[PDB]
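Structure file target10.cif with mmCIF, C-alpha atoms and all ligand atoms:
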```
data_structure
loop_
_atom_site.label_atom_id
_atom_site.label_comp_id
_atom_site.auth_asym_id
_atom_site.auth_seq_id
_atom_site.Cartn_x
_atom_site.Cartn_y
_atom_site.Cartn_z
CA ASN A 3 0.00 0.00 0.00
CA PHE A 4 2.99 2.30 0.60
CA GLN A 5 6.45 2.93 -0.80
CA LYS A 6 8.88 3.12 2.11
CA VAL A 7 10.98 6.23 1.57
CA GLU A 8 13.35 6.22 4.57
CA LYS A 9 13.42 5.08 8.20
CA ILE A 10 12.61 8.05 10.41
CA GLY A 11 13.41 6.48 13.77
CA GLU A 12 13.05 3.69 16.32
CA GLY A 13 11.97 3.66 19.97
CA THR A 14 11.44 0.29 21.68
CA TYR A 15 7.74 0.46 20.79
CA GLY A 16 8.27 0.14 17.04
CA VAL A 17 9.83 1.56 13.90
CA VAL A 18 8.73 4.69 12.02
CA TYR A 19 9.09 5.20 8.27
CA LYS A 20 8.60 8.07 5.88
CA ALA A 21 6.29 6.56 3.27
CA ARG A 22 4.34 7.64 0.20
CA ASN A 23 0.82 6.42 -0.45
CA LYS A 24 1.17 4.49 -3.71
CA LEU A 25 -2.21 5.74 -4.98
CA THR A 26 -2.67 9.27 -3.58
CA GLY A 27 0.92 10.42 -3.23
CA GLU A 28 0.47 11.65 0.35
CA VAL A 29 3.74 11.45 2.27
CA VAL A 30 3.09 10.19 5.79
CA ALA A 31 4.89 8.86 8.83
CA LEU A 32 4.16 5.15 9.16
CA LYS A 33 4.56 3.56 12.60
CA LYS A 34 4.85 -0.25 12.79
CA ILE A 35 4.32 -1.71 16.26
CA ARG A 36 4.97 -5.39 16.93
CA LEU A 37 2.61 -7.14 19.35
CA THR A 47 -9.92 -2.23 24.66
CA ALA A 48 -7.13 -0.37 22.90
CA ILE A 49 -8.15 -0.64 19.24
CA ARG A 50 -11.39 1.25 19.83
CA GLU A 51 -10.13 4.13 21.99
CA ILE A 52 -7.00 4.67 19.90
CA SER A 53 -9.19 4.99 16.82
CA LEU A 54 -11.20 7.70 18.60
CA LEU A 55 -8.09 9.89 18.35
CA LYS A 56 -8.40 10.15 14.54
CA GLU A 57 -11.18 12.70 15.00
CA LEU A 58 -9.72 14.46 18.06
CA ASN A 59 -7.39 17.08 16.63
CA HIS A 60 -5.53 20.25 17.60
CA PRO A 61 -2.94 22.36 15.73
CA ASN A 62 -0.26 21.43 18.24
CA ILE A 63 -0.78 17.65 18.14
CA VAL A 64 0.33 15.35 15.34
CA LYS A 65 -2.68 14.09 13.38
CA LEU A 66 -3.33 10.32 13.45
CA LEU A 67 -4.56 9.73 9.85
CA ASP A 68 -5.41 6.00 10.11
CA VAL A 69 -5.15 2.98 12.49
CA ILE A 70 -4.69 -0.45 10.82
CA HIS A 71 -4.72 -3.66 12.88
CA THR A 72 -3.67 -6.46 10.53
CA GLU A 73 -1.55 -9.55 11.24
CA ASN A 74 0.11 -9.62 14.70
CA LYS A 75 1.16 -5.97 14.31
CA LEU A 76 -0.32 -2.49 14.73
CA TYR A 77 0.22 0.15 12.03
CA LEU A 78 -0.30 3.85 12.79
CA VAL A 79 -0.37 6.39 9.95
CA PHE A 80 0.60 9.90 11.05
CA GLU A 81 1.02 13.20 9.31
CA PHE A 82 4.68 13.73 8.38
CA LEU A 83 6.84 16.66 9.50
CA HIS A 84 10.47 16.98 8.38
CA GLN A 85 12.11 18.09 11.65
CA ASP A 86 11.95 17.61 15.39
CA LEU A 87 13.10 19.73 18.30
CA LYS A 88 16.03 17.46 19.13
CA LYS A 89 17.52 17.91 15.64
CA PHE A 90 16.79 21.65 15.73
CA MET A 91 18.47 22.01 19.13
CA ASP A 92 21.62 20.19 17.98
CA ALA A 93 21.74 22.34 14.85
CA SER A 94 21.36 25.43 17.07
CA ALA A 95 23.93 24.44 19.77
CA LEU A 96 26.55 27.13 18.90
CA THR A 97 24.07 30.02 18.39
CA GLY A 98 21.17 29.04 20.68
CA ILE A 99 17.47 29.23 19.85
CA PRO A 100 16.31 32.88 20.06
CA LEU A 101 14.16 33.51 23.11
CA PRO A 102 11.06 34.58 21.07
CA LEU A 103 11.09 31.18 19.36
CA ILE A 104 11.68 29.27 22.61
CA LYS A 105 8.71 31.20 24.02
CA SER A 106 6.48 30.47 21.01
CA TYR A 107 7.38 26.77 21.11
CA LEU A 108 6.70 26.53 24.86
CA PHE A 109 3.37 28.36 24.46
CA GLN A 110 2.27 26.07 21.62
CA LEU A 111 3.28 22.94 23.50
CA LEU A 112 1.31 24.10 26.52
CA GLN A 113 -1.65 24.69 24.19
CA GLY A 114 -1.30 21.13 22.91
CA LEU A 115 -1.08 19.70 26.43
CA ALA A 116 -4.01 21.73 27.73
CA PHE A 117 -6.09 20.33 24.88
CA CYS A 118 -5.23 16.69 25.46
CA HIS A 119 -5.31 17.09 29.26
CA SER A 120 -8.77 18.66 28.87
CA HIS A 121 -9.78 15.43 27.11
CA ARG A 122 -8.01 13.56 29.93
CA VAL A 123 -5.33 12.16 27.61
CA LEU A 124 -1.74 12.00 28.93
CA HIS A 125 1.44 11.92 26.87
CA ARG A 126 3.65 10.31 29.58
CA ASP A 127 6.86 10.32 27.53
CA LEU A 128 7.63 13.83 26.29
CA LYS A 129 11.12 14.36 24.93
CA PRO A 130 12.70 16.71 22.34
CA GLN A 131 12.82 14.11 19.60
CA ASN A 132 9.04 13.58 19.92
CA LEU A 133 8.30 17.28 19.23
CA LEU A 134 7.88 17.94 15.49
CA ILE A 135 8.37 21.36 13.88
CA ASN A 136 7.68 22.76 10.42
CA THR A 137 8.76 25.75 8.31
CA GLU A 138 5.74 27.76 9.48
CA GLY A 139 6.81 28.05 13.13
CA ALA A 140 4.54 25.26 14.38
CA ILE A 141 5.48 22.59 16.95
CA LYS A 142 3.44 19.46 17.59
CA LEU A 143 3.20 16.76 20.25
CA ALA A 144 4.08 13.35 18.78
CA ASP A 145 4.85 9.78 19.81
CA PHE A 146 2.43 9.67 22.72
CA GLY A 147 3.27 6.96 25.25
CA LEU A 148 -0.25 5.53 25.08
CA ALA A 149 0.72 1.84 24.82
CA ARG A 150 0.36 0.99 28.51
CA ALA A 151 -2.61 3.30 29.13
CA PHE A 152 -4.66 1.78 26.30
CA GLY A 153 -3.39 -1.74 27.00
CA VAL A 154 -1.66 -2.55 23.71
CA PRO A 155 0.49 -5.75 24.02
CA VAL A 156 3.72 -4.24 22.71
CA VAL A 163 17.53 2.28 25.44
CA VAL A 164 14.88 4.21 27.37
CA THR A 165 15.52 7.90 28.05
CA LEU A 166 14.72 8.87 31.63
CA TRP A 167 15.91 12.46 31.45
CA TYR A 168 12.41 13.93 31.30
CA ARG A 169 10.62 11.58 33.75
CA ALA A 170 8.65 13.20 36.59
CA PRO A 171 9.80 12.30 40.13
CA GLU A 172 6.45 10.71 41.05
CA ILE A 173 6.91 8.21 38.17
CA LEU A 174 10.48 7.40 39.26
CA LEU A 175 9.29 6.95 42.84
CA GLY A 176 6.82 4.28 41.71
CA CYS A 177 3.53 6.15 41.68
CA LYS A 178 1.01 3.97 39.96
CA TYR A 179 -1.70 6.60 39.42
CA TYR A 180 0.08 9.70 38.16
CA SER A 181 -1.59 12.72 36.60
CA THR A 182 -1.38 15.37 33.87
CA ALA A 183 1.37 16.89 36.07
CA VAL A 184 3.91 14.38 34.70
CA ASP A 185 3.72 16.06 31.27
CA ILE A 186 4.28 19.51 32.78
CA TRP A 187 7.42 18.24 34.50
CA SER A 188 8.74 16.81 31.24
CA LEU A 189 7.99 20.05 29.38
CA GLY A 190 9.78 22.03 32.08
CA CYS A 191 12.89 19.93 31.53
CA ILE A 192 12.65 20.58 27.78
CA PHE A 193 12.15 24.34 28.37
CA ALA A 194 15.35 24.39 30.47
CA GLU A 195 17.18 22.49 27.72
CA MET A 196 16.14 24.94 24.97
CA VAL A 197 17.36 27.81 27.16
CA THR A 198 20.69 26.36 28.25
CA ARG A 199 21.47 23.95 25.36
CA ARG A 200 22.18 21.19 27.89
CA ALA A 201 19.89 18.48 29.20
CA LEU A 202 18.86 19.45 32.75
CA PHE A 203 18.81 15.95 34.30
CA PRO A 204 20.65 13.39 32.09
CA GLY A 205 20.38 10.31 34.29
CA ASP A 206 21.42 6.85 33.19
CA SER A 207 19.44 4.80 35.73
CA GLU A 208 16.20 5.37 37.59
CA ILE A 209 18.12 6.07 40.78
CA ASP A 210 20.70 8.20 38.98
CA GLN A 211 17.83 10.20 37.47
CA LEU A 212 16.27 10.64 40.89
CA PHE A 213 19.55 11.71 42.48
CA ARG A 214 20.36 14.24 39.74
CA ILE A 215 16.96 15.83 40.39
CA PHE A 216 17.59 15.82 44.16
CA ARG A 217 21.07 17.32 43.78
CA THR A 218 19.54 20.30 41.97
CA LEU A 219 16.10 20.82 43.54
CA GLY A 220 16.89 19.32 46.96
CA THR A 221 15.91 15.92 48.30
CA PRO A 222 12.09 16.14 48.64
CA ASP A 223 10.50 15.70 52.08
CA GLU A 224 7.07 16.03 53.67
CA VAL A 225 7.50 19.81 53.93
CA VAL A 226 7.49 20.42 50.18
CA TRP A 227 5.76 17.19 49.04
CA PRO A 228 3.26 15.74 51.53
CA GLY A 229 3.18 11.96 51.30
CA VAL A 230 6.46 11.67 49.38
CA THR A 231 7.97 9.48 52.13
CA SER A 232 5.11 6.99 51.73
CA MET A 233 5.66 6.48 48.02
CA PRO A 234 6.35 2.95 46.70
CA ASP A 235 10.08 3.38 45.94
CA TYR A 236 10.90 6.12 48.44
CA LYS A 237 13.72 5.10 50.78
CA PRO A 238 14.40 6.93 54.07
CA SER A 239 18.05 6.26 53.26
CA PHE A 240 18.03 8.64 50.25
CA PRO A 241 20.82 11.20 50.74
CA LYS A 242 19.53 14.61 51.84
CA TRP A 243 20.81 17.20 49.35
CA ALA A 244 20.15 20.89 49.93
CA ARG A 245 18.27 22.71 47.20
CA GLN A 246 20.79 24.80 45.25
CA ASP A 247 19.79 28.32 44.35
CA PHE A 248 17.55 28.35 41.29
CA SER A 249 19.71 31.08 39.69
CA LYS A 250 22.18 28.37 38.63
CA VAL A 251 19.53 26.33 36.81
CA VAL A 252 18.74 28.25 33.61
CA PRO A 253 21.02 31.24 34.26
CA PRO A 254 20.44 33.64 31.37
CA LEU A 255 16.65 33.40 31.54
CA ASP A 256 14.75 36.38 32.99
CA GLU A 257 12.72 36.17 36.19
CA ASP A 258 9.44 35.65 34.29
CA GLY A 259 10.92 32.58 32.61
CA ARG A 260 12.58 31.28 35.79
CA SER A 261 9.36 31.79 37.76
CA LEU A 262 7.37 29.79 35.24
CA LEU A 263 10.00 27.03 35.16
CA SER A 264 10.07 26.77 38.96
CA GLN A 265 6.30 26.21 38.97
CA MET A 266 6.68 23.60 36.25
CA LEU A 267 9.29 21.77 38.35
CA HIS A 268 7.41 21.72 41.66
CA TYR A 269 7.95 18.40 43.39
CA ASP A 270 4.34 18.17 44.55
CA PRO A 271 2.13 17.25 41.54
CA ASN A 272 -0.74 19.06 43.28
CA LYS A 273 1.29 22.25 43.32
CA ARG A 274 2.82 21.88 39.85
CA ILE A 275 1.28 24.41 37.47
CA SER A 276 -1.28 23.17 34.95
CA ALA A 277 -0.92 23.69 31.22
CA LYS A 278 -3.99 25.94 31.25
CA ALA A 279 -2.69 28.11 34.07
CA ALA A 280 0.81 28.25 32.56
CA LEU A 281 -0.67 29.80 29.40
CA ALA A 282 -1.71 32.77 31.56
CA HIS A 283 1.75 33.22 33.12
CA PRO A 284 3.30 36.70 32.57
CA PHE A 285 6.20 35.12 30.66
CA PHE A 286 3.84 34.85 27.66
CA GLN A 287 2.67 38.50 27.70
CA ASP A 288 4.87 39.37 24.68
CA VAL A 289 4.57 36.01 22.93
CA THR A 290 4.89 35.96 19.14
CA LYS A 291 5.19 33.25 16.48
CA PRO A 292 8.61 33.49 14.81
CA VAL A 293 9.62 31.23 11.94
CA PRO A 294 12.60 28.89 12.42
CA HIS A 295 15.30 28.60 9.85
CA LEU A 296 15.25 24.93 8.90
CA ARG A 297 17.59 22.94 6.69
CA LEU A 298 15.67 19.99 5.26
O1 LIG B 301 1.72 8.87 18.99
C1 LIG B 301 1.65 7.61 19.02
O2 LIG B 301 2.65 6.95 18.66
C2 LIG B 301 0.36 6.95 19.50
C3 LIG B 301 0.29 5.62 19.93
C4 LIG B 301 -0.95 5.10 20.34
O3 LIG B 301 -1.18 3.77 20.81
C5 LIG B 301 -0.13 2.84 20.76
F1 LIG B 301 -0.56 1.63 21.14
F2 LIG B 301 0.82 3.25 21.60
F3 LIG B 301 0.29 2.74 19.50
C6 LIG B 301 -2.08 5.89 20.34
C7 LIG B 301 -2.01 7.19 19.92
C8 LIG B 301 -0.80 7.71 19.50
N1 LIG B 301 -0.82 9.09 19.09
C9 LIG B 301 -1.99 9.89 19.42
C10 LIG B 301 -1.87 11.26 18.75
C11 LIG B 301 -3.16 12.07 18.91
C12 LIG B 301 -4.05 12.44 17.90
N2 LIG B 301 -5.04 13.13 18.45
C13 LIG B 301 -4.88 13.24 19.78
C14 LIG B 301 -5.66 13.87 20.77
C15 LIG B 301 -5.26 13.85 22.11
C16 LIG B 301 -4.08 13.19 22.46
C17 LIG B 301 -3.30 12.56 21.48
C18 LIG B 301 -3.71 12.59 20.14
#
```
Go ahead and render the structure in this file as structure tokens.
Amino acid sequence: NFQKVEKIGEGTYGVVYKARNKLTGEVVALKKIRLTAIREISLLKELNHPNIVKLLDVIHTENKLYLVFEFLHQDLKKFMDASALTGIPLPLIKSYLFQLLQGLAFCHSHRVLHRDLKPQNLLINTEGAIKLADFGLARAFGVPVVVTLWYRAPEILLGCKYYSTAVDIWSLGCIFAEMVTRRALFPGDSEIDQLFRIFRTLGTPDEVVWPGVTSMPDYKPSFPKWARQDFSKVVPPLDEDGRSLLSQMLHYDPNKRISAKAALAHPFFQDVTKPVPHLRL
């Protein structure tokens, strides 16, 4: 049905190809996934937002699951690498953050979580748009399907079984910091190394800042107690509006962590514009 054009990427869920519909000529991103889900997934075809990748078609044939997505040429990881020596201009960082919060507020309003946000899942086009892609919906929908931990919320790493929309805010805060500084904020290589990198920067959490943290499934009283280091070291250049918003995105307590909807009203976005990136395809 399709002419494979190139392999776009991997991820231990499946493989993604750029492909051309043999009959219509549409170029699409084709996701092959080896194996109540089929129904609720398919609902997403008609649930759409400018800052979410469009799921064109869902095809369950054989012992595999094919997902046909709209194709975009670039992602934020590639753009950030290409911008490492210059840095992404603040107005574009701001526009991207704003759009991603719009995308999250939409899918959170429909009670859909992403769960696995990372730069390489954020697609961008020549028109200044950025879109949520590669949702981690396998577990949530119950599909019978090396992992990056750098953007995982602390409640996930501490074994919370029933985590909330707040996990996506945490991940987006880590990406925000990375656009600003051009370095991953918390590049852990194990679940405990990820946790300890977070603690070394934001302080070991306790019941004062995060009620109930000490009762969490993987919390150990033996965790080292790091002081919180001053937040001025975290994303240095960024102005106080940006730092303020980031600090609310990185609150330990998911109940205190800012929502996508409230973050859209933060003063950091008072002068928000939509610049156009300069993309080499
Ligand atoms: O992005 C993927 O890879 C993916 C995998 C899925 O199930 C799995 F089993 F994992 F394959 C299911 C959906 C997926 N994307 C959904 C994108 C989407 C369109 N409209 C939406 C409205 C609100 C929230 C999200 C969306």
Each residue of chain A lying at most 6 Å from ligand LIG 301 (chain B) should get a row with its shortest atom-to-atom pair and the distance in Å to one decimal, counting only C-alpha atoms and all ligand atoms; could you produce that, ordered by chain and increasing number, as a Markdown table?
```
| residue | atom | partner | partner_atom | distance |
| --- | --- | --- | --- | --- |
| A:52 | CA | B:LIG301 | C6 | 5.1 |
| A:55 | CA | B:LIG301 | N2 | 4.5 |
| A:56 | CA | B:LIG301 | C12 | 6.0 |
| A:58 | CA | B:LIG301 | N2 | 4.9 |
| A:59 | CA | B:LIG301 | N2 | 4.9 |
| A:64 | CA | B:LIG301 | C10 | 5.8 |
| A:65 | CA | B:LIG301 | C12 | 5.0 |
| A:66 | CA | B:LIG301 | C12 | 5.0 |
| A:118 | CA | B:LIG301 | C15 | 4.4 |
| A:123 | CA | B:LIG301 | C16 | 5.4 |
| A:144 | CA | B:LIG301 | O1 | 5.1 |
| A:145 | CA | B:LIG301 | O1 | 3.4 |
| A:146 | CA | B:LIG301 | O1 | 3.9 |
| A:147 | CA | B:LIG301 | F2 | 5.8 |
| A:148 | CA | B:LIG301 | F2 | 4.3 |
| A:149 | CA | B:LIG301 | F2 | 3.5 |
| A:154 | CA | B:LIG301 | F1 | 5.0 |
```
At a cut-off of 7 Å, using all atoms listed in the file, what residues contact residue 220 of chain A? Leave out same-chain residues fewer than 5 positions from it and give the result as a compact mmCIF listing (two decimals) with C-alpha atoms, in the frame of the given file.
```txt
# COMPACT_ATOMS: atom_id res chain seq x y z
CA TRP A 243 20.81 17.20 49.35
CA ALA A 244 20.15 20.89 49.93
CA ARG A 245 18.27 22.71 47.20
CA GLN A 246 20.79 24.80 45.25
```
**OP:** Tell me, as a VMD selection string, which residues lie within 10 Å of residue 194 of chain A, counting all atoms listed in the file; anything in the same chain fewer than 3 positions away does not count.
**Re:** chain A and resid 104 189 to 191 197 to 203 251 to 253 255 259 to 260 263
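Compared by their closest atoms to residue 267 of chain A, and using all atoms listed in the file, the residues A:142, A:169, A:242, A:60 rank with A:169 nearest.
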Listed atoms of segment 154-168 of chain A boxed along x, y and z, 5 Å each side, centre and edge lengths in Å, one decimal, as AutoDock Vina command-line options:
```
--center_x 7.9 --center_y 4.1 --center_z 27.2 --size_x 29.2 --size_y 29.7 --size_z 18.9
```
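With distances taken over all atoms listed in the file, A:16 is the one residue among A:98, A:16, A:241, A:284 lying closest to residue 75 of chain A.
Going from atom CA of residue 84 of chain A over to atom CA of residue 137 of chain A, you cover 8.9 Å.
Pairwise distance (atom CA of residue 71 of chain A, atom CA of residue 128 of chain A) equals 25.3 Å.
Remark: for residue 182 of chain A, the closest of the candidate residues A:135, A:79, A:115, A:233 is A:115 (distances computed over all atoms listed in the file).
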**OP:** Determine, counting only C-alpha atoms, which protein, DNA and RNA residues have an atom within 12 Å of an atom of residue 109 of chain A; residues of the same chain fewer than 3 positions away are not included. Present the result as number ranges by chain.
**Re:** A: 62, 102-106, 112-116, 139-142, 189-190, 193, 259, 262, 277-291
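In this comparison, which uses only C-alpha atoms, the residue of A:86, A:270, A:224, A:235 approaching residue 178 of chain A most closely is A:235.
Atom CA of residue 10 of chain A is positioned 10.1 Å from atom CA of residue 85 of chain A.
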Using only C-alpha atoms, which residues sit within 9 Å of segment 226-229 of chain A once same-chain residues fewer than 5 positions away are excluded, as a PDB file with C-alpha atoms, keeping the file's coordinate frame?
```pdb
ATOM      1  CA  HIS A 268       7.410  21.720  41.660  1.00  0.00           C
ATOM      2  CA  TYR A 269       7.950  18.400  43.390  1.00  0.00           C
ATOM      3  CA  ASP A 270       4.340  18.170  44.550  1.00  0.00           C
ATOM      4  CA  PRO A 271       2.130  17.250  41.540  1.00  0.00           C
ATOM      5  CA  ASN A 272      -0.740  19.060  43.280  1.00  0.00           C
ATOM      6  CA  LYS A 273       1.290  22.250  43.320  1.00  0.00           C
TER       7      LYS A 273
END
```
So that I can check the surroundings of residue 90 of chain A, please list as an mmCIF file with C-alpha atoms, in the coordinates of the input every protein, DNA and RNA residue that reaches within 10 Å of it, counting only C-alpha atoms and ignoring chain neighbours fewer than 5 positions away.
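Below is the file part_28.cif, written as the result:
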```cif
data_model
loop_
_atom_site.group_PDB
_atom_site.id
_atom_site.type_symbol
_atom_site.label_atom_id
_atom_site.label_comp_id
_atom_site.auth_asym_id
_atom_site.auth_seq_id
_atom_site.Cartn_x
_atom_site.Cartn_y
_atom_site.Cartn_z
ATOM 1 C CA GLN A 85 12.110 18.090 11.650
ATOM 2 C CA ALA A 95 23.930 24.440 19.770
ATOM 3 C CA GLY A 98 21.170 29.040 20.680
ATOM 4 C CA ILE A 99 17.470 29.230 19.850
ATOM 5 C CA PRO A 130 12.700 16.710 22.340
ATOM 6 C CA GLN A 131 12.820 14.110 19.600
ATOM 7 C CA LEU A 134 7.880 17.940 15.490
ATOM 8 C CA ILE A 135 8.370 21.360 13.880
ATOM 9 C CA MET A 196 16.140 24.940 24.970
ATOM 10 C CA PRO A 294 12.600 28.890 12.420
ATOM 11 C CA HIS A 295 15.300 28.600 9.850
ATOM 12 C CA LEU A 296 15.250 24.930 8.900
ATOM 13 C CA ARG A 297 17.590 22.940 6.690
#
```
**OP:** Point out the residue among A:249, A:19, A:124, A:185 with the least atom-to-atom distance to residue 78 of chain A, counting all atoms listed in the file.
**Re:** A:19
Original post:
Pick from A:63, A:127, A:31, A:12: nearest to residue 111 of chain A, with only C-alpha atoms counted?
Top reply: A:63
